[PDB]
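First comes the structure, then the notes that go with it.
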Amino acid sequence: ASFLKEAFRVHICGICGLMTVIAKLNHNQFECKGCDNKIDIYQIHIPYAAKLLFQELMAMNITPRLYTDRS
Amino acid sequence: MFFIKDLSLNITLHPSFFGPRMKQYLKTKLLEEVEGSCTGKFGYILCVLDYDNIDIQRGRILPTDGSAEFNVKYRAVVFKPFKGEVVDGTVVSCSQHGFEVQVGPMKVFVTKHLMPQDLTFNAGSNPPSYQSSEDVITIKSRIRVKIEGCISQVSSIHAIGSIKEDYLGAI
Amino acid sequence: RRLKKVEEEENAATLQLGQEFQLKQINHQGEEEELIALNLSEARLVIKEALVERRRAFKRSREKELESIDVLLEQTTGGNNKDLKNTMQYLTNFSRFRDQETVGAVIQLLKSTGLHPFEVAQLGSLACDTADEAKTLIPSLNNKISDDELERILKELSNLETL
Amino acid sequence: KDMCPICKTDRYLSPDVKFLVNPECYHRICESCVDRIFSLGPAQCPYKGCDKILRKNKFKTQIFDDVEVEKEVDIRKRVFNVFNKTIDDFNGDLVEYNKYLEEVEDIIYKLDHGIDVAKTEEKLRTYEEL
Amino acid sequence: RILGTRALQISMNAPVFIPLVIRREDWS
Ligand SMILES: [Zn+2]
Ligand SMILES: [Zn+2]
Ligand SMILES: [Zn+2]
């Protein structure tokens, strides 16, 4: 499956799966306004098309929450 | 405040270290990546206790990176500040905005508004200082500060201090 | 089913230390243990006791104190140790219990009250003469401990102070 | 009457309003005003004509509905914390005990009305240690 | 994936003596 996998880095809030983490990479600061958190951030490598898909879903009032843990 | 906290970390080892002494390299990585680092969730991490008894789980090889991810559990002494706490420190820097107090590995900022009205800023004196009819504040002076707020980033912590309340100021 | 909830701000006066510094913490072994808050003198010994063991393993395989701790730090610790150097330097200049025996007495002295671990650590780290100073510097103590008990505890704390 | 004289927060628009007083000057004030004024540190009383500094930690809840009686009782408690004797202390001499009580009453009277504030306080301090 | 895993590891200047276990139950 390695060949199939063989691109875009986005930051996802840990409480909400939305890609709304304003990342000031120059100052090494992350914030998800509306979640008031700065210590629960994750970065995921997803295709730019996948980022477009999730953003399009967010435009249609759909909340695709990408979570890095299984409940 | 100093605590003994049980922390966990995810270390990554380059393939160049896959040898009989791989465990030794992991310990060095923990001592070089944890000690002296600042984490907002747990605060500054000062020392790693029980160096010999560090527990390392089986490493997982990353598909496209080749490096091994090791989850390391360790006991470390940490310094997590809190608002409303009273701490002591020595003034390290001064300016018109306010003087800064060195509380362990953290720097506390005492804004001009938070300090009492009596204190006045003078820069003609070398070094500059905050002077009151009773006492004088300058570099190397010991000041008792109350943390009025803390902003904890994922890799940094900053705080503000106040000496307005009674029993706070020059020691 | 987890999302934004109202979270109490981390405040020392209300003894709300957050989510990770709660009273009972599940350690690595999985057992339930109380939070371990250390005063300045207790922390110095713990850090000092760990560094010497680290140096011992490496070798096998008050002004004077400041110099001795610094040379040990540079020898037993790797790079990027700028923060630990300040902490050890700051701990020696603000600790009122140099001796291990004195620290043991302090812990036994304050452990009779049964206060929250944060409060007991503050009571041994701050030099308080009167009960009012301890009550105002540590608002959590308000109404938790009687003035008479606080006065004698502070008096006895100054009795075992050294240097 | 039923509102904070500073912020004029009526009880009708704020049923949770709770007033507090300070022994230094005994001026009614709501909890909201106390926090927004004295949380940072000591400050002058927020009243017109009052310039006596006070601390937030000293605020308490008024017990009696009369301010004057609230003041007199507090002074009585302070005086009785130093001048505290019993009939057995004079070996049953009722005349001496009654005279002692009268002296304490005069001390309380002078402190409350400020007839001789300087001399009376010095007497309290002198007897306090002894 | 072991053949590609070690090939990448060797290409990254890894010492050559396959000390890997497949986490299907772990087996060497
Ligand atoms: Zn969020
Ligand atoms: Zn008011
Ligand atoms: Zn007043």
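Rule-based calculations on the coordinates, nothing more; no lab input. No Cβ is skipped: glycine too gets one built from the backbone with ideal geometry, and neighbour counts run over all protein chains shown.
Just a yes or no: is a residue in the stretch B:58-74 crowded, with 21+ Cβ neighbours inside 10 Å, within 7 Å of another protein chain (Cβ to nearest Cβ) and farther than 24 Å from E:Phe17 by Cβ? Within the stretch B:58-74, none of the residues are crowded, with 21+ Cβ neighbours inside 10 Å, within 7 Å of another protein chain (Cβ to nearest Cβ) and farther than 24 Å from E:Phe17 by Cβ. A search for C-beta distances below 8 Å between a residue of the stretch D:19-41 that is among the basic types (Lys, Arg) and any residue that is near ligand 2 (Cβ under 9 Å from one of its atoms) and not in a loop (DSSP other than H, G, I, E, B), counting only pairs 6+ apart in sequence or on different chains, returns D:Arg28/D:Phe19. Checked against the criterion of being farther than 30 Å from B:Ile147 by Cα and in a loop (DSSP other than H, G, I, E, B), the candidates D:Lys8, D:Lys71, D:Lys77 yield just one match: D:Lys8. Among the residues making up the stretch D:34-62, those that are within 16 Å of ligand 2 (Cβ to nearest atom) and part of a helix (DSSP H, G or I) are D:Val34, D:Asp35, D:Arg36, D:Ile37, D:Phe38, D:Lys56.
One line per residue, one yes/no per condition, for (1) away from chain B (no Cβ under 14 Å); (2) within 16 Å of ligand 3 (Cβ to nearest atom); (3) farther than 22 Å from B:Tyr167 by Cβ:
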site	(1), (2), (3)
D:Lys1	yes, no, yes
D:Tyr47	yes, yes, yes
D:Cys50	yes, yes, yes
D:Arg55	no, yes, no
D:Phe59	yes, yes, no
D:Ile87	yes, no, yes
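Exactly one residue out of B:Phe99, B:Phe79 is closer than 12 Å to B:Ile160 by Cα and either touching a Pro at 6+ places or on another chain (Cβ under 8 Å) or crowded, with 21+ Cβ neighbours inside 10 Å (or both): that is B:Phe99. Name the strands (runs of 3 or more DSSP E) wholly inside the stretch A:1-41 in which the number of residues that are over 20 Å from A:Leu52 (Cα atoms) and either within 16 Å of ligand 3 (Cβ to nearest atom) or in contact with a strand residue (DSSP E or B) (Cβ under 6 Å, 6 or more places away or on another chain) (or both) is 3 or more. Fully inside the stretch A:1-41 and qualifying: A:29-31. The number of residues in the stretch C:68-116 that are out of contact with any strand residue (DSSP E or B) (no Cβ under 7 Å at 6 or more places or on another chain), within 14 Å of chain B (Cβ to nearest Cβ) and among the charged types (D, E, K, R) comes to 4.
The set of residues in the stretch C:87-104 being closer than 14 Å to B:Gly104 by Cβ and surrounded by fewer than 19 Cβ atoms within 10 Å (Cβ to Cβ) consists of C:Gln89, C:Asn93.
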